[PDB]
Every structure is written in C-alpha cells, then in structure tokens.
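The chain that follows stands alone, in the form deposited in one PDB entry, written as structure tokens.
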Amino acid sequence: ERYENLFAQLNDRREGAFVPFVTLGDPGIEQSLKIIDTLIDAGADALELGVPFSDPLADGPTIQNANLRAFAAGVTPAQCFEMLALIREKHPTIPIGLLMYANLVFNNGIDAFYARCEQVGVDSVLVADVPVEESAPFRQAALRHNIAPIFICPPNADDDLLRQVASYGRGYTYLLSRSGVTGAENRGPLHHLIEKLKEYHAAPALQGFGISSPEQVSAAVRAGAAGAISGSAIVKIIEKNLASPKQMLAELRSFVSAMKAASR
C-alpha cells in the first residue's frame, strides 16, 4: 500500500505530492537510473515511469523525443522491467507508477504484464490509450496482482465518468488540467471535479499536463488536489543537457527541489 501510506503521510504534513515523469532508458539505461535516483534525492514523492513505445499518441514533442532517445539506445520492455526491479531494490517506499500504451501490456498477455509488475515492485499502471469503457481486462488483472489501476479524469468529464473513475481506480486519480497531449508548452479551474471526486471517495487526485512551474504545483494543492505530476518540464532538462550528464543531474535536482518545495 505504497500510495496509501504516502498520501496519509503527506496529509499529516499538510503537504502535496510532487511526481516527476521520465521515459525509462532516456538517454541511456545508466544515465536514466542515475536520473531517477537524482529525482528521488531532490525530493520526488513518487515516480511516473514510461517504457519506450513506437507510437506514443498521447504525448507531445518532448516525450516523443524521450521515446526516440530511448529507442536509439536499444531500450526494450524486458530491459525496462529489469531497471524497475533494481529501482525498487534501491527504494523500498516510493510509489512507482508506469505510463503505458496498450499494445505493450496486451502483447505478452494482459495478465502476464500485471504479474511482471508485481514481481518487480511496480505500484500502479496508467494505460494511456484505454478509456474506462475499455478498462475491464486491465483493471481486473491489475487488482489480481495488487497493482493500482490508474484512471484519467478529463476536464470534460460527466458525472457518470466521475462515478466510474472513483469506484474502479486505486492509488491516485489522474486529473487532466487540459485537453490536448503532454507538453510543458501549453499551460492548463478544476475545483468542481476535485470536490466531486472527493465525494465519491475516489483516489487522491494528481494533476497532470502542463505543470512546469512551482507556482503551478502550489495552486493544484490549493485547489484541493493531492499533488501534481510534471513530465515535459523534467524531460526538457534531459534534452537540454545530453552533452553534459553531470549538468543534467545538477539541473534535475534544482528543478525538482524547487518544485517539491512548492507543495510544502
């Protein structure tokens, strides 16, 4: 119950969660493991980790290039799970969530995918291209292996959607702050959804999409959200420093520390 304890701990501290995102193996297996440890060391409360996919159709240019860079290093899904096993052996308590595209979980059988997640220590799985209308098999397999099935609550969500997300989801509710794809390029009033999700005893909301400044995470928390996820702002730093790994890490720490502080 990694997310459960994390949120209870953060609540007692009257604090929000800061959850950075990166593509596993970007720009290399080793630099990525190093990037991930720096992320945690600078104050990350949890992690959202994507495994490289050929067609990331819910991602903008930054994350697209994150998958391309990973692909260029030859990072395969098998390698990702090996990386995840090690990250867990290194960090016992931090919630580990995976950003997944559908073919990758269905490829070797949906059930076998969630069993691998368990074996490795993954805490949750968000399948980016499976709406709640199609979640049944994924949801069921996740629960069967003690994996929290993450659902996306969009800004155009109706009440039936809110009620579905709140009953099926575990770990955290992914609250979109915008329409469109991932990108720190376009900046995202979510109070109503936040209150309604609370009413239905949904999983603590985590705002995602567009979150690039500490100001943004303080506002998410102020609006009632349990925390915020930031990906492109994070990955942009990796892109910015491909020729200087040491500066990458140094810059990664600076942003994450400034971002974590904004939730306190």
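Superpose the two forms; the largest set of C-alphas matching within 1.5 Å is the rigid core. Numbering starts at 1 and follows the sequence shown. Only residues modelled in both forms are compared.
Q: Relative to the other compared entries, is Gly188 without coordinates in a third or more of them?
A: Yes: coordinates for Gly188 absent from at least a third of the compared entries.
Q: Would you say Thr173 is missing from a third or more of the other compared entries?
A: Across the other compared entries, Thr173 is absent from none.
Q: Might you work out how many residues are unmodelled in the deposited sequence between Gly188 and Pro189, and answer none, 1 to 3, 4 to 9, or 10 or more?
A: The entry has 1 to 3 unmodelled residues between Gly188 and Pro189.
Q: Comparing 112 to 120 with 74 to 82, where is the mean C-alpha B-factor higher?
A: It is 74 to 82.
Q: Output the stretch having the higher mean C-alpha B factor in the entry; the candidates are 158 to 166 and 139 to 147.
A: According to the entry, 158 to 166 carries the higher average C-alpha B-factor.
Q: Tell me which of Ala46, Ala225, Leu197, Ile234 tops the list for C-alpha B factor in the record.
A: Going by the entry's C-alpha B-factors, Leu197 comes out highest.
Q: Mind checking which third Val22 falls in for C-alpha B-factor across the chain?
A: Bottom third by C-alpha B-factor.
Q: Which third, lowest, middle or highest, does the CA B-factor of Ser212 fall in along this chain?
A: Middle third.
Q: How does the C-alpha B factor of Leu249 compare with the rest of the chain: lowest, middle or highest third?
A: According to the entry, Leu249 has a C-alpha B-factor in the chain's middle third.
Q: Split into thirds by Cα B-factor across the chain's modelled residues, where does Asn107 land: lowest, middle or highest?
A: Middle third by C-alpha B-factor.
Q: Among the modelled residues of its chain, does the C-alpha B-factor of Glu134 lie in the lowest, middle or highest third?
A: Within its chain, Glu134 is a middle-third residue by C-alpha B-factor, going by the deposited values.
Just so it is clear, the following notes concern the form deposited in another entry, a form of the same protein that is not shown.
Q: Determine, with the core as the superposition reference, the one member of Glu195, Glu30, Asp55, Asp41 that shifts its CA by 2 Å or more between this form and the one not shown.
A: The only residue crossing the 2 Å threshold is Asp55.
Q: Superpose on the core, then tell me which runs of at least 3 consecutive residues have all their CA atoms shifted by 2 Å or more between this form and the one not shown.
A: Shifted segments: 54 to 59, 105 to 107.
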